[PDB]
Each structure stands twice: as structure tokens, then as C-alpha cells.
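Worksheet: one structure, shown below.
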Amino acid sequence: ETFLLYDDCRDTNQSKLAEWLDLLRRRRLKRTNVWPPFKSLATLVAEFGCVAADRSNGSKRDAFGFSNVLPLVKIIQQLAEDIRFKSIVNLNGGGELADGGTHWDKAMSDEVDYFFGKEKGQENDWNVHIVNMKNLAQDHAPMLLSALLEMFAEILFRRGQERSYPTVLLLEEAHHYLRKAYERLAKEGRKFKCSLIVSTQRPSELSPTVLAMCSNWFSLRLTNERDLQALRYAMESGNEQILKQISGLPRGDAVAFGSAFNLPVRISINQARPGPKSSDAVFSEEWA
Amino acid sequence: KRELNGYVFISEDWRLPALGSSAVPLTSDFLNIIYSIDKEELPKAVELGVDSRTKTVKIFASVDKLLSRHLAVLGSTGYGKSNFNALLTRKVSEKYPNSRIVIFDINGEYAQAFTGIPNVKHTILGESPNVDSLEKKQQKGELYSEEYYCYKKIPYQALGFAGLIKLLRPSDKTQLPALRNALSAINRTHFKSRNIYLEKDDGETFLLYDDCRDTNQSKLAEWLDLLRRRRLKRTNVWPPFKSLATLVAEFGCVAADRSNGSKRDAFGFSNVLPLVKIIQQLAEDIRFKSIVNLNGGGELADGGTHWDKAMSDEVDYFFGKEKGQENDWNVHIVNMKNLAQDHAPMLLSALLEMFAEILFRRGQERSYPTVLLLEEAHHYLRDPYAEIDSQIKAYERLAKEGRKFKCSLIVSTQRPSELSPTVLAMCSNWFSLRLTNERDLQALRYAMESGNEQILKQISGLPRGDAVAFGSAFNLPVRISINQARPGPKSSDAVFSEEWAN
Ligand SMILES: Nc1ncnc2c1ncn2[C@@H]1O[C@H](COP(=O)(O)OP(=O)(O)OP(O)(O)=S)[C@@H](O)[C@H]1O
């Protein structure tokens, strides 16, 4: 037998709803072997929110609960129809769904082995990974980029200090998507053998703990007092004589200090070959 | 120091002179090396003014550095902020006559300043006071003179499946699904003088009503399921803004008697009534209807592609055509003299989203450079009834898409404290005139990069015409005296004495 659910508070077959819906909670009816799509959450939400008890010894579809559940189905619907979200995320399902009760923890643990690599002993086909995100909007980035760093921390714990391999993580423009549990990778990283490089221009938008869990420092020019004060309040290994130099540094010159330098240094940095694209724009050409 | 047979200036502060060395003053040959630009950029420069303290040295800047990125102009009232923008925009054209400049003018000032330049246009937003009057088009290569202009409305097709939802705000039980079913089916309703109906594949027709009258209330179910699952006949004309209100009621006042045969019940109809009220209110008005065209007319070419072409055609009118095609004008002035403080955000924060969407598609191969000037942006860059940052999502997208696909922004304003501090951080150059308060002079401190304090502590006392500049196009900051424009903008707002004397 079958039964068909809807998204609108229509009156068709609104008597035998609870009889079918209680078995769902008590896990007595059938299950499947394929992942469904994303839009299919709104129907379940509406049905769990718009069911009531009828006086005609049956069930009823109410409308004073739709008014309670409505604000959520709305954003779900407006999110499953954007043309900049579905080109990054795959809102179609169709894949295999396992048994046993462990179907989330096998989906989570298959996108980490693709970006951050596998564990010790196995064969991997690369040592350098370059992820490019030029096609991702500037308003969907925080969520989707924090999700990944929250996923890469529930798994080092379940992997351990034995099966884990040491890696290096280059994070560029980190003040857009690095800010309780949202920053566990910067704290519980030394145990699980991960090291971060953070590049950024607005250090006043970071947490004073991330900028304090750092051992060595490389500082180029920095012209704002709202940032100098932060660097100073968080600094642990230096002085206040090299802080005055940071505002009059030319290009390529840097100030360096930490544990790998026995006395702070002013440095001129070698050029790289082949270098990064770092191209620019030119308007005069196209119209001249 | 010397380079080959000239000199060059380098900024770095760790050096010092030796004891006994002699001090000497500086001349107009070294000042003109301290306040100059490279040789690589000299054939692409633009003049702005002269130095204030001495007045023997002229100031130049490079179009590339200055405009490839975004730019900000700040200043109080009555100190010289509208002369600067006309100077700049006219000097860009006089040097690069194949440019593309678009201006949002919400006061009607910037037309008197382009008299004498080719490929100018002038569009007003609204309806003609007179009706049986003419408007004279111009040809190519013809110098602009006033008495040439055009009028324009904006249709309602170019707001999409989402703009209308946002503009109507269904806030209760059973308004949303009906308002979706109506927008999804608006392309199968036919129209006559003053009544709406459907047309079957075979002659037969069936009428729709808006008052819940029980005449012929027994065939709804089977004349609605078909419309719902794409079985009735199509059409080829856009209907008005009231078929919406006529469908939202017949989709919300329907039920089924246990005695087979449908009935248009009365109770459910009330659950939808208020939306019908307001969507009626927005036709017997003088403000919304003066700007927007809620009448209905045009082609509706089949192919499930009737929401996109309206956007694509309305963008090519204000912002320009794709590369290769023939676009007539090069300067576009849009006049919003007649537009209320209530419908400004909603209307002017949708053309920009359109432009973003189309500029994401055009790409780097089909996109043409353009400069876009936004005046008094503290009026429409923040949707007031959007009180969470979850809803400010237009500038943050358009700035990036433009920095990628050749679109430059100029933001002019006089109150930088009513303006989010992420709008003023995507900028790479700054021009500031006198600021009188003390809470608008901290929003700049908090959000600037390439300055200092000795150039900021002398903004409270800047006279009329003098400015202060810094950013990634200046080697060291400058205090500067700007030069007058000829001809300039207009300022005729109101004067009492005259009328009182008449
Ligand atoms: N270099 C200059 N020297 C002296 N006066 C100037 C100079 N440049 C502009 N002015 C004068 O400044 C006066 C007022 O400038 P406006 O154009 O009203 O600036 P504004 O009021 O900030 O612009 P809005 O926001 O459009 S009213 C004009 O009457 C000009 O004559």
C-alpha cells in the first residue's frame, strides 16, 4: 500500500493521516535504498506542523500551525531555487543509502578523503592540492567554508594520533570565514598534526586567541592603529622597538620574529620564479 | 636620486643625515618630482588641480589606477562636491570618446554640464505632464543641447518570481501557495475588455470571478487540476496586474463537498482576502502607477523563457548592450526627479541585482567596460525594512562581479555614518571634503587603510574647494585645490524671497 504527501493544506485524504504518521515515528513501516532530494524537506515539515485532531473520529489538516511553521519552508523554497547555490551544491540525490543506521557518517567521511586526503598506510595520488573558489559568491562563502573546517575536526578525533598523517593548510583571506566550536581546528590541531598558515590584512577582525596560538610572525606594512594595537596586545615574543618600523616599510621588506629567529630581523625577500598570476586590469585598451 | 638622466622619489623612513650637514629649502623642480607619477602612466593621466600651500605644482592621476577599482567621494553640504564629479566624468570623455558612463541623478543637475558633447542621452522616470506633446530624437555625432530628452516607465514583468513575493509579503497561513500557483499559471490566462477567463483546447471557455459568487461552482476541480498540471491552452500576451488578484481568490476559496461536486466555500476565502485587498490598493494610486506600467502588453514567446527575456531587455536599456553590438549612446543620464522616499530602495536595489546576474553570464569575453555613478547612496543602499544583514546582499555581490568583469563604481555622499562599514571597505581610493560633525569623521578612521593622522586632523577646517586625497594611486598624501568646471551643474531648488516678491 501507499500514501501521498503534499505541500499545501488541501482537504484530500485528511482522515487517515495520523494512522500513517505514527508508524513513521515508531519505525514500523518501510524504508528505502536511495537518497532523496533537498526540496522534499518542506513537505515533511508542513505535514508535521499542520496536523491536528478532528471531532469526526478522524484527523484534520489545520491552518493555525501552518502559520507557525511557514517562515522556514519559505527560506527552504527560496534556497532550492537560487542559481548561485545549486551550481555549487548538488540538490538532486540519487545516490546509494546504506543500512545499519550509519548513513550520515559515511557521507561525511567521503568528502574529507577528497579534499584533505586519506589516512596513514593507503595510497594517495597527490601531495599538493589546490582548491579554486573563483565561482563562489561573496555571501555564501562563510557558511560553506566553515562547514569544511568543522567536518575536518570531527574526523581527526575519530581517527587518532596514530592513523593521522601530518599536513599543511594555507588559508588566504581568513578574516572572511574564520569568524565556541567554530574554531576547534586552531586549538585541537597540534595533537592531530595539522599546521595552519593564515594570511590577512585586517588582524583586528580575528579572535585574540587565534592570533595568540601563533609562534612565528611575518609582518609587512601595516598602517592602521586599530591593527597595530591588536598585534601588540596579542604579541608574546618580541619588543617595542621593532613595532615602530612597521609603518615605514617598503615593498618586499618585512619584519620577522619568533622561535626560529634568535634575534628579531628586518628582511628583504627574494622574488619567486615562476610567480603567481597576480594579473591586473586595463581599461584604456578596450576603448582607445 | 638619479635614475638615467632625471630623478625619482622613494618613500622609506629609516635613513638620516650626518652631523654637520647643511640644510637647504626645496624648489618647484623637486616638488614636481615628489608629487608626480611614473612615466609608464603619463600618456593616460588626467588633471584635477593644483597644490594649496605653494600653488606652483599641478596634480595628475592615472585613469587605470583610479577607476579599475571603486572610488568614494565624501562631503558636507555647500562645499564643492558636485563640481568634482562633473569635472571628472567630463574629462574622462573628452580624452576617451569611446567610453561608457552611466549616472543615477536623483535631483536633475547633471545635464547642463554635458552641453557640447556627442553621444549623450537623457531619460526621465515617469509620465509626461502634458500628453499630446512630442519628443525629438537625435542622430550620431550631434552635439548635445538641451530640449532633447525622453520619458520612460518600468514594466512589472521585470521583477521576477521573487520580487513580487518580496513586494507583497504573505505573512500568514494560506497566502503563499496560492500566490505561487498564480504566478506559475499566469501564462495560460486570456483577457477581454474587463473580464478574465480560460480557453480550452476545443472552443469551450470558463469564467473566473473575484467575489466568490456560486454561479457554476461545480466544475472548478476539473478546470483547475488541468491548469495546475499544464494541460490547458497557452497565450501570447501579457495580462495586467489584476488577473493575479483574480486567481489568488479562486485558488483559495475552493473545497469539496462529501457530496461529489466542488463548491467555492466562503470560510477559506477570508483566509486570503487581505492579500486581495492590498493587491487591489496597488492599482488606484498616483505614485506607483506613475513609474510602473501595470497594464499588460507585448509578446510571450513560448519555450518556458518568458521571465528571463524581460530582465535581459530591461538591462540593455539602462546599462548597455553586449560587446560587438551597436549601441548608440556613450553617456546615459537617468533622472529620478519624481520618485518617492518609500519606493526608492525597492526599485533601485533590483536593477543592480539584474546587472549582477547578467554580468555573471556575459563573462570576460562578452563584457564591455563601464563606469557607474551613484549619488546620495545612503538612501537606497540599505533596505530599511531589511533590518538584518542577511538581507543586504546587492552591493556585496555587484562589487565583486564588477571587479572581475569590468564595472567600476563611484559612491558619493555626505553622511558616511548612515552607511554600513563594509560598503566603505571595498574601496581603494578616497576623496573627502570638509566634515562638520564628529561622528561622521570616525567612520572614516575606523575603515581607512593607507593614510595617517596628520592628514585627518585637518579635515574639520578645509575651506570651500579644497580637499584631501589618499590611496593606492598617490605615493604620499596631498592637500589639493580643485579647479572649476565650465559649464557646471544646476542648483535651482527653491528660493522664497523671489516668489514672495512676485
Ligand atoms: N575651486 C573652487 N573655489 C571656490 N568655489 C568653488 C570651487 N569649486 C566649487 N565651488 C563652489 O561651491 C559652491 C557649492 O558647491 P555645490 O555644487 O553646491 O556642492 P554640494 O552642495 O556639496 O553638491 P550637492 O550635494 O549636489 S547640493 C558652488 O557655488 C561653487 O561655485
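Backbone-built Cβ (ideal geometry, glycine too); neighbour counts: all protein chains shown. Bear in mind that the values in this text are calculations on the coordinates, not laboratory data.
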### Task
Answer yes if at least one residue in segment A:184-200 is surrounded by 16 or more Cβ atoms within 10 Å (Cβ to Cβ), in contact with a strand residue (DSSP E or B) (Cβ under 9 Å, 6 or more places away or on another chain), under 30 Å from A:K244 (Cα atoms) and among the small types (G, A, S), and no otherwise.
yes
## Note on the structure
Pairs returned, first residue in segment B:364-377 that is more than 12 Å from chain A (Cβ to nearest Cβ) and assigned to a strand (DSSP E or B), second residue that is within 13 Å of the ligand (Cβ to nearest atom) and charged (D, E, K, R), beta-carbon separation under 9 angstrom, 6 or more apart or interchain, are B:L373/B:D105
### Task
Among what's in segment A:66-99 and is facing chain B (nearest Cβ under 9 Å) and in a loop (DSSP other than H, G, I, E, B), pick the residue that is surrounded by the most Cβ atoms within 10 Å (Cβ to Cβ).
A:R84
### Query
Of the residues B:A162, B:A158, which single one is closer than 28 Å to B:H306 by Cβ, touching a helix residue (DSSP H, G or I) at 6+ places or on another chain (Cβ under 9 Å) and surrounded by fewer than 17 Cβ atoms within 10 Å (Cβ to Cβ)?
B:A162
### Message
Can you pull out every residue in segment A:112-142 that is charged (D, E, K, R) and surrounded by 13 or more Cβ atoms within 10 Å (Cβ to Cβ)?
### Response
A:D113, A:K118, A:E119, A:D139
### Task
Would you confirm whether any residue within segment B:30-39 is charged (D, E, K, R), loosely packed, with under 12 Cβ neighbours inside 10 Å and in a loop (DSSP other than H, G, I, E, B)?
yes
### Message
Name the single residue that is nearest to the other protein chains (Cβ to nearest Cβ) among those in segment B:100-124 being of a type in the set (A, V, I, L, M) and within 11 Å of the ligand (Cβ to nearest atom).
### Response
B:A113
### Task
Could you check, for segment A:167-180, whether at least one of its residues is within 14 Å of another protein chain (Cβ to nearest Cβ), loosely packed, with under 14 Cβ neighbours inside 10 Å and either within 21 Å of the chain's Cα centre (by Cα) or not small (G, A, S) (or both)?
yes
### Summary
When every residue in segment B:50-65 that is away from the ligand (no atom under 16 Å from the Cβ) and either of a type in the set (D, E) or assigned to a helix (DSSP H, G or I) (or both) is compared, the one nearest to B:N475 (Cα to Cα) is B:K65
#### Entry: Conditions (1) under 24 Å from B:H306 (Cα atoms); (2) in a loop (DSSP other than H, G, I, E, B); number of the one not met by B:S218
(1)
## Note on the structure
B:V248 passes all but one of the listed conditions (1) in contact with a helix residue (DSSP H, G or I) (Cβ under 6 Å, 6 or more places away or on another chain); (2) over 27 Å from B:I278 (Cα atoms); the exception is number (2)
